[PDB]
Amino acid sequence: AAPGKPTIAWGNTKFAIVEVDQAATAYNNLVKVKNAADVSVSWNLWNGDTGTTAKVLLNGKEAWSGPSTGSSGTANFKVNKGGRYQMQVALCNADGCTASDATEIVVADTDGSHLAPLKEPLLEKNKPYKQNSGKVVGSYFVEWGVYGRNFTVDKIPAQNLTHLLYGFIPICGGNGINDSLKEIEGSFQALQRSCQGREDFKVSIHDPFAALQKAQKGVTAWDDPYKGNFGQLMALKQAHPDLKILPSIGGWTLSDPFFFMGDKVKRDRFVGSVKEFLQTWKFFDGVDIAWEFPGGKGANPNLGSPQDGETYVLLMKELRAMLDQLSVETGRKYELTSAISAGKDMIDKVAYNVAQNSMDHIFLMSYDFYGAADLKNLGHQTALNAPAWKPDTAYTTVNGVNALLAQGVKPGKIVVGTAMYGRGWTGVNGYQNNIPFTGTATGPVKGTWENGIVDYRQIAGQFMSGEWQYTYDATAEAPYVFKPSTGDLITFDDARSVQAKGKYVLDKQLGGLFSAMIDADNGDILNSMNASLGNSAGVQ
């Protein structure tokens, strides 16, 4: 007679191709990429003959076979593809095979193949749009936004984006390499701990707790291998397979290492570490380079060289070559993008007409044109055009676009930036003709989280009532609010100025719109980005 029916032993059923060490702070130890997950199953036979061969089946296909030598057994084998499998133990003899009932096993991998889709309702004022314009609709999400801001990946209105950028991936390095981080309490030390035993100029993760270990919706079970932002982003990819999720390397305080990459030894090490990062974290779709900025004038006053423009072009070409190779190895398309200064002087330090051939999208940082760092020269921080009271204003969106086009950049490469926050001043005084910008300030406006910066959610929620004036400057295409009793003046984007940018993008055949930072919107800004680019209302 055929063997008795085996009973699968109670035991762990959750396995991982990329293993996470739960007691490690160094990135080198935190993540272990394997070629396959090590899976184990045991069984007992309570009734009948134990057979002569035991097999482990996954969805009916043998993953392991061995002699059946007694009433209990154990099998260890490898599984090289993530997902969920119906696992059975079968006992066989010459008279037949008898299979256990199925037990589901989970084999995790960093594409999120083991995760249920993270498909969350739109929150606040966000309304559904279809991504059918063919234009970029992008936004950055910041790693540390999950703390005080409480803005997690399940709050991203992901169906309303084509591109979600993750800020920010650091480049390893201590003294002289990441000195800009020392201005943020604890942050330089946090990077040194993440990078312990890891070569300078390789990428890492700045905050492994936020990125991988903090419990979040959909990744709360203790043995879920990937939690935090990365686990949720994997689940988000399962819900939105066409969303491009890009890691952004750099930003204001993590850009110092780029200034050393004129040394090809370092640049090669960096590019290779980016490839390894994308092979490790399969849910990412390419790389965004947020080097602030070639030539200097970013966070570090001691960095910047006339060589930086050449280094930037070489870096883009080598990144593209690495991504093209990764693409044909995987069958996937990978994107290379960069966030760049929108000032003409800064733009002209780089030959973007050359670099554009390596890049899918240029994220033009057409914001922060004015702010509390200068209390004497006030202006619109993210306007399309110059205002009527100063038509020679240098820092406008159009002037940045025009600087790129004049180099020879194709317009379809250029993604115009919108702000989901305001910048502002206090004590504005001595202005003429009811235009507060013609005055001078005494300090920064009180911020939501940081001095001189106010989330758009708070502008709409608190500063559009009471004593606050509201004015839309139709020449500049820029709104502003002003409280005369205290001289508080805030410059920001609203639905109308975003609409003007979207129409400008369509008219000039630009690439689309993007914002920083997604957590600060109440929905008004992203809704307008979508509508103004011609995306249809509804769900896809």
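Counting begins at 1, following the sequence as shown.
So, looking at the entry's B-factor column for Cα atoms, which has the higher mean, 391-399 or 360-368?
Averaged over C-alpha atoms, the B-factors run higher in 391-399.
Using the B-factors recorded in the PDB entry, average over the C-alpha atoms of 458-466 and of 267-275, then report which stretch comes out higher.
The stretch with the larger mean CA B-factor is 458-466.
Of the residues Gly197, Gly231, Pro247, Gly250, the one carrying the largest Cα B-factor as recorded:
Of the candidates given, the C-alpha B-factor peaks at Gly197.
C-alpha B-factor winner, where the candidates are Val354, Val153, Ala210, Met261:
That would be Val354, according to the entry.
Grab the CA temperature factor for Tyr129 from the record and place it in the lowest, middle or highest third of its chain.
Its C-alpha B-factor belongs to the highest third of this chain's values.
Splitting the chain's C-alpha B-factors into thirds, which one does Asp109 fall into?
Middle third by C-alpha B-factor.
Would you mind ranking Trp46 by its C-alpha B-factor against the rest of the chain and naming the third, lowest, middle or highest?
Highest third of the chain for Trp46's C-alpha B-factor.
Third of the chain, ranked by Cα B-factor, where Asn28 sits
Ranked within chain, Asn28 CA B lands in the middle tercile.
Which third of the chain holds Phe482 when residues are ordered by C-alpha B factor: lowest, middle or highest?
CA B-factor rank for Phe482: highest third.
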